[PDB]
């Protein structure tokens, strides 16, 4: 009963902020070699590279717009050279916006589809040759895609699509040693929430807290505990599953 992660190689999309950042740092502290990407150079990406260097291990953070297939194929050329193999993939990169559905432009629909759904598919497709004969693929889904949220049907559409992708991939590749699962998250504190001043903050927090069974929002490190279990052989009979990490929300 040991996670046994030290020495594994992971790819985590969207590691500069939020959930992806916490997963990257927690996997790295546990001795996983982490490859991550981000869309745009920023102080968050720069501080990310700084912590990865501060820690021991063979970590890499490259810019790659998942809306762009050329940049995804380039990311994986770098992954194939620096790592050569993979044990874990975490599809975490995603975008959201609130547009009244009737006003949602076709281009904003297309962007959210390109990043959240087509981006995840291309990442997985490029990762399959690197995963070899054994590997664990983890996609970050959303509890909200079962509940429904006004002004985000495009987001809930893409997040729910990940579950159907995952279920079929679990069937197609299970006998080859690849496992595919979804983590359905509740509401997780991120820097964008702590960048809000107290009023439009301690009002979101209690609005969502009452919705939960635990009475609090999640953190990126709690998500990482579940990623760690799915990365490990303690979950070797788990595939095609949607694991809720949501505090029992609604």
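Residue numbers count along the first chain shown, from 1.
On average the C-alpha atoms of 100-108 have higher B-factors than those of the other stretch, with 100-108 and 152-160 being the two compared. Relative to one another, 178-186 and 65-73 have unequal mean CA B-factors, and 65-73 is the one with the higher figure. Out of 27, 223, 37, 49, the entry records its largest CA B-factor for 49. Per the deposited record, the Cα B-factor of residue 134 falls in the highest third when ranked against the other modelled residues of its chain. The PDB entry assigns residue 236 a C-alpha temperature factor belonging to the lowest third of its chain's modelled residues.
Ranked by C-alpha B-factor against the other modelled residues of its chain, residue 17 falls in the highest third. Split the chain's modelled residues into thirds by C-alpha temperature factor. Residue 249 is in the highest one.
Per the deposited record, the Cα B-factor of residue 243 falls in the lowest third when ranked against the other modelled residues of its chain.
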